[PDB]
Amino acid sequence: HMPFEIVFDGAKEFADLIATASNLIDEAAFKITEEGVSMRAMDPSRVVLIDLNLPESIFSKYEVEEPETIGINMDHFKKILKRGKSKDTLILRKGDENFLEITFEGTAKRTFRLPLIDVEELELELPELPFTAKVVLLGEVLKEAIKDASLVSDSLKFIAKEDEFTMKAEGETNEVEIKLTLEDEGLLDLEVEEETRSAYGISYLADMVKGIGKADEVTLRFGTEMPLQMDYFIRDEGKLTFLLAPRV
Amino acid sequence: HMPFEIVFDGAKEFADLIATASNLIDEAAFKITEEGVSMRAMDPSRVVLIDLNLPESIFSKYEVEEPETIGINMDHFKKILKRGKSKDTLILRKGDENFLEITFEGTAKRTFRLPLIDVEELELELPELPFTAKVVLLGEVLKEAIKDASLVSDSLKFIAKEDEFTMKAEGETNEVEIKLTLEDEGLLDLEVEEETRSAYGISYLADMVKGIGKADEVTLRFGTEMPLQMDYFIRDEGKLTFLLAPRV
Amino acid sequence: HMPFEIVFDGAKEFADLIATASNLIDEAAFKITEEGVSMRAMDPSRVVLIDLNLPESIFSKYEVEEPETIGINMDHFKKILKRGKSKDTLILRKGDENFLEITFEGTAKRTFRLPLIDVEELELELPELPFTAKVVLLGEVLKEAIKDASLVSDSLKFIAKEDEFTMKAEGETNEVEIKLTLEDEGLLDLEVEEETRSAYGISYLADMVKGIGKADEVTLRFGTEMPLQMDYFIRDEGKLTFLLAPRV
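Chains as they are written, first to last, in this note's numbering: chain W, 1 to 248; chain X, 1001 to 1248; chain R, 2001 to 2248.
1. I want to check one thing, is the minimum distance from the CB of W/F158 to the heavy atoms of the ligand ZN below 8 angstroms?
2. Do we get a CB-CB distance below 9 angstroms when we pair R/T2089 with the residues of chain X?
3. Just the C-alpha distance for X/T1166 and R/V2176, rounded to the nearest angstrom, thanks.
4. Taking R/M2226 as the reference, which of R/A2206, R/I2159, R/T2033 has the closest Cα?
5. Under 8 angstroms, with one C-beta from each stretch per pair, do the segment 1089-1096 of chain X and the segment 2033-2041 of chain R reach the 3-pair mark?
6. In the DSSP assignment, find the beta strand (DSSP E) that holds R/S2038 and state where it starts and stops.
7. Taking the CB atoms as reference points, tell me whether X/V1047 and X/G1213 lie closer together than 9 angstroms.
8. For the segment 100-116 of chain W and the segment 197-211 of chain W, state whether three or more C-beta atom pairs, one from each stretch, are separated by less than 8 angstroms.
9. Is there at least one Cβ from chain R nearer than 9 angstroms to W/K143's Cβ?
10. Does any residue of chain W bring its CB to less than 9 angstroms from the CB of R/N2098?
11. Check W/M208 in the structure and name its three-state DSSP category.
12. Hey, W/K94 and W/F4 are a contact pair by Cβ (cut 8 angstroms); roughly how many whole angstroms apart?
13. Could you check what DSSP says for W/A215 in three-state terms: helix, strand or coil?
14. Let me make sure I understand the geometry here. Which of R/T2069, R/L2138, R/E2013, R/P2044 has the alpha-carbon closest to that of R/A2215?
15. Going along chain X in order, which residues have a C-beta closer than 8 angstroms to the C-beta of W/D184?
16. Taking C-beta to C-beta, are X/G1084 and X/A1011 nearer than 9 angstroms?
17. Suppose the cutoff is 6 angstroms on Cβ atoms and the five residues either side in sequence are ignored; what does the same chain contact list for X/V1135 look like?
18. Check the Cβ of residue 262 of chain W against every Cβ in chain X and list those closer than 8 angstroms, keeping chain order.
19. Which residues in the same chain have their Cβ closer than 7 angstroms to the Cβ of X/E1027, if we skip the five residues on either side of it in sequence?
20. Using a Cβ-Cβ cut-off of 9 angstroms, state whether R/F2131 counts as contacting chain X.
21. Going along chain W, which residues have a C-beta under 7 angstroms from X/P1115?
22. Anyone know if the C-beta pair for R/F2242 and R/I2018 falls short of 9 angstroms?
23. Mind pulling the chain R residues with CB within less than 7 angstroms of X/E1162?
24. Can you name the residues that DSSP bridges to X/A1199?
25. Name the chain R residues that come within less than 7 angstroms of X/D1148, Cβ to Cβ?
26. Determine the chain R residues that contact X/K1134 at a beta-carbon separation under 9 angstroms, and present them in chain order.
27. Can you confirm whether X/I1178, when its beta carbon is compared against all beta carbons of chain R, has any partner nearer than 9 angstroms?
28. Verify the CB distance criterion: does R/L2187 have a CB-CB separation below 9 angstroms to chain W?
29. If we count the other Cβ atoms within 10 Å of its Cβ and call it buried at 16 or more, is W/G106 buried or exposed?
30. Runs of 3 residues minimum, wholly inside the segment 41-100 of chain W: which ones carry the beta strand (DSSP E) assignment?
31. DSSP three-state label for R/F2131, please.
32. Whose Cβ in chain R lies nearer than 9 angstroms to the Cβ of W/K78?
33. Taking R/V2141 as part of the alpha helix (DSSP H), name the residues at either end of that continuous run.
34. Taking the Cβ atom as the reference point for each residue, do W/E237 and W/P55 lie within a distance shorter than 9 angstroms?
35. Leaving out five residues before and five after R/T2103 in sequence, what residues of the same chain have Cβ atoms less than 6 angstroms from its Cβ?
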């Protein structure tokens, strides 16, 4: 197999990015091409599809000789990546053997070897879906709404109308409603082709947003009784996308 | 029953205030009048009386049509109030039904409904007591003294003389003494009509001061073998008062 | 026995210093002389020798009438010292009786009495050893290397060559290497008489460095199959030294 070397400036930020996807994934195939690194995976229950796309432009050095796929234990990977410091440079390097060499370069050079595994490749595509609502909002609104709703229920209803986005949860001894209009600072954009209603499991939503930052911009696309698509951008050009089955 | 709407600027600070009283209380009757909101309660052991007085002037909007009392599960209330952010506006609103509508307004509008309960109203008054010592001190001195004493014993002796306030605890394998004179920055005022000695349970004192801030000014009034009265002010005009039975 | 009074400006910093040695020690004899305070102890397994030297110059007041030794329960001592604040002045005073009086003076005067114990005095000396490598490095490099290695193994190999210092750990499902040259900011000095290799237990190293600060300068001296000597300086003139048996 051909070697590659991939360098990212800011190892803690790369660790944070990986921890977001690792919240639902145990293992993942990473496709390394000359245009960038991509990773598509499902959670063990097949309720959530994760798609992480890291184009070559976000790496300070990108040397990939031929396309290849590597399989990675995500919790081992996250354990090593959690050792990187904010100011560290991260180097991912594969030689001829079956392991990833992970180097942090900062006040010292620290090198880990991570054994590569074989990951069964479900043939996962991200199809195009007839979404009828798009919502852009601040991560902290989304995070707090999912936490608020968890005080009440295990499912969260999303309601998009022309002028307002509403998340609503109700239980026996409680109820909670989170409402956004474009007058609110939490809602950066709202495009609604028609009145759209759908519900989603809170345990999955919490794991999806746990690593998202309070100032991150998150785009939601959904439809009536359709999956929820949730993405946010990494370093302007990278992108993390979740696709979440509806609660029906 | 008549509706009311009550608005407080700074929801996290209102949550903090409620958590202080919630440390000893499971449930409480809130008397809502046109002059403000008051709450008088005892802990389950009847050792501590709590009196919280929130005058209308600390609320940015105060619309109370007729006096009424509502009963509240304090741990449910604290759970909801803990979701408010520092910059949020808090709205407490009762309509015609038997629930409190709690709204946080900030980057988004989040609304919870809290079921109102029935709280047995012990006829609690805050009588006037012939205290012989008054002490004003910084919260952190009081907090650290109670923590220091807990390393040693389960009761804390308060000793007020004309020129010094002393808190003293002794156990078998330890002893601790905390001494204040007006020369010390921790003691803002000391008025002692006669030499005064009394002891109090540390487990109650710790729960009383847990939510008090390090820079808060706390007034203590006590007498020989008498209850301890402890109060501090909320937004200059609100007031939280504890009355604690002596250890005899 | 003769009284003494010893005053240290900055009680939290004295607590931190004591907690470093307390990580491996349960009890210790403190020799109080006119030149300063010293403490030599071994961990319960006799794998680590600890030597703490606090010269009279680091104390704002130092009144010792005649040399004497006192025995101290280190976990009781640390428990009391943890109550001191950053701005507090710490006073250690022995009168005629068999207890240490520990006073924190700040916003208030708080006084604890700590019973003195009898500590069996192993006749411990810090002999001179034919070390062949000396390494000065930033504490955070050392701390992170020991943490990195603990992901992999229970022993850490130290390798000193003329131009590089290497710490290396290997396990079955992992390996880690930390490399320093004088080009690196983590390595402040490297003196190597000959190529030196030795290994040490990670559980002991972690307890040795747990209290060391990220910006502290740490000196390591070791030899092939010899003990590791690790010291850093307290207030320029105090010194904490560990001597750690090799893993053979």
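Backbone N, C-alpha and C define an ideal beta-carbon position, used for all residues, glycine too.
If we stick to the structure as given:
1. Questions concerning the ligand ZN fall outside what the structure shown contains, since it holds no ligand whatsoever.
2. Here the question's residue 2089 of chain R lines up with position 89 in the third sequence. Not an interface residue.
3. Looking up residue 1166 of chain X in the second sequence gives position 166. Looking up residue 2176 of chain R in the third sequence gives position 176. X/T1166 and R/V2176: Cα-Cα distance of roughly 57 angstroms.
4. Stepping through the third sequence from its first residue, residue 2226 of chain R is reached at position 226. Of the listed residues, the one whose Cα sits closest to R/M2226 is R/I2159.
5. Pairwise C-beta distances place the segment 1089-1096 of chain X out of contact with the segment 2033-2041 of chain R, as fewer than three of them are shorter than 8 angstroms.
6. For the purposes of this step, residue 2038 of chain R is taken as residue 38 along the third sequence, with counting starting at 1. Per DSSP, R/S2038 belongs to the beta strand (DSSP E) from 2036-2042.
7. The residue labelled residue 1047 of chain X in the question sits at position 47 within the second sequence. The residue labelled residue 1213 of chain X in the question sits at position 213 within the second sequence. Cβ distance not < 9 angstroms, so X/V1047 and X/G1213 don't count as in contact.
8. no
9. Against the first sequence, residue 143 of chain W aligns to sequence position 143. No, no contact with chain R.
10. In the third sequence, the residue the question calls residue 2098 of chain R occupies position 98. No, its Cβ sits nowhere closer than 9 angstroms to a Cβ of chain W.
11. Mapped onto the first sequence, residue 208 of chain W falls at position 208. Three-state DSSP puts W/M208 in a helix.
12. Locating residue 94 of chain W in the first sequence gives position 94, where the first residue counts as 1. Locating residue 4 of chain W in the first sequence gives position 4, where the first residue counts as 1. Confirmed, about 5 angstroms.
13. In the first sequence, counting from the first residue as 1, residue 215 of chain W sits at position 215. Here W/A215 sits in coil by DSSP.
14. Counted from its first residue, the third sequence places residue 2215 of chain R at position 215. Closest by C-alpha distance to R/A2215, out of R/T2069, R/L2138, R/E2013, R/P2044, is R/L2138.
15. Within the first sequence, the letter at position 184 stands for residue 184 of chain W. Within chain X, the residues whose beta carbon sits less than 8 angstroms from that of W/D184 are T1107, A1108, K1109, listed in sequence order.
16. By one-based count along the second sequence, residue 1084 of chain X stands at place 84. By one-based count along the second sequence, residue 1011 of chain X stands at place 11. Going by C-beta atoms, X/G1084 is nearer than 9 angstroms to X/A1011.
17. Counted from its first residue, the second sequence places residue 1135 of chain X at position 135. Only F1165, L1190, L1220 meet the Cβ criterion.
18. It is not possible to answer for residue 262 of chain W, since the shown part of chain W is limited to 1 through 248.
19. For the purposes of this step, residue 1027 of chain X is taken as the residue at position 27 of the second sequence. Around X/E1027: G1071, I1072, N1073, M1074, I1117, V1119.
20. The count along the third sequence starts at 1 and reaches residue 2131 of chain R at position 131. Judged by the 9 angstroms Cβ criterion, R/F2131 is not in contact with chain X.
21. Position 115 of the second sequence, counted from the first residue, corresponds to residue 1115 of chain X. The answer, in chain order, is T173.
22. Against the third sequence, residue 2242 of chain R aligns to sequence position 242. Against the third sequence, residue 2018 of chain R aligns to sequence position 18. No, these two residues do not count as a Cβ contact at 9 angstroms.
23. Indexing the second sequence from 1 puts residue 1162 of chain X at position 162. Those do not exist, as X/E1162 stays about 18 angstroms from chain R at its closest Cβ, beyond 7 angstroms.
24. Along the second sequence, read from residue 1 onward, the residue named residue 1199 of chain X stands at position 199. In DSSP, X/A1199 forms a bridge with X/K1157.
25. Residue 1148 of chain X sits at position 148 when you count from the first residue of the second sequence. Here the neighbours are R2083, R2110.
26. Counting from one through the second sequence, the residue named residue 1134 of chain X turns up at place 134. Here the premise fails: no neighbours, minimum Cβ distance about 18 angstroms.
27. Mapped onto the second sequence, residue 1178 of chain X falls at position 178. Yes, its Cβ sits closer than 9 angstroms to a Cβ of chain R.
28. Along the third sequence, read from residue 1 onward, the residue named residue 2187 of chain R stands at position 187. Answer yes: the Cβ-Cβ gap between R/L2187 and chain W drops below 9 angstroms somewhere.
29. Mapped onto the first sequence, residue 106 of chain W falls at position 106. Its Cβ being crowded by 16 or more others within 10 Å, W/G106 is buried.
30. 48-55, 61-64, 68-73, 89-94
31. Within the third sequence, the letter at position 131 stands for residue 2131 of chain R. Coil at R/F2131, not helix or strand.
32. On the first sequence, position 78 is the one that residue 78 of chain W refers to. Per Cβ cutoff of 9 angstroms: no residues; W/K78 is ~12 angstroms from chain R at best.
33. Within the third sequence, numbered from 1, the residue matching residue 2141 of chain R stands at position 141. Element bounds for R/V2141: 2139-2150.
34. Here residue 237 of chain W corresponds to residue number 237 of the first sequence, with the count starting at 1. Here residue 55 of chain W corresponds to residue number 55 of the first sequence, with the count starting at 1. Yes, Cβ-Cβ distance for W/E237 and W/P55 is below 9 angstroms.
35. For the purposes of this step, residue 2103 of chain R is identified with residue 103 of the third sequence, where counting begins at 1. These residues qualify, in order along the chain: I2091, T2111.
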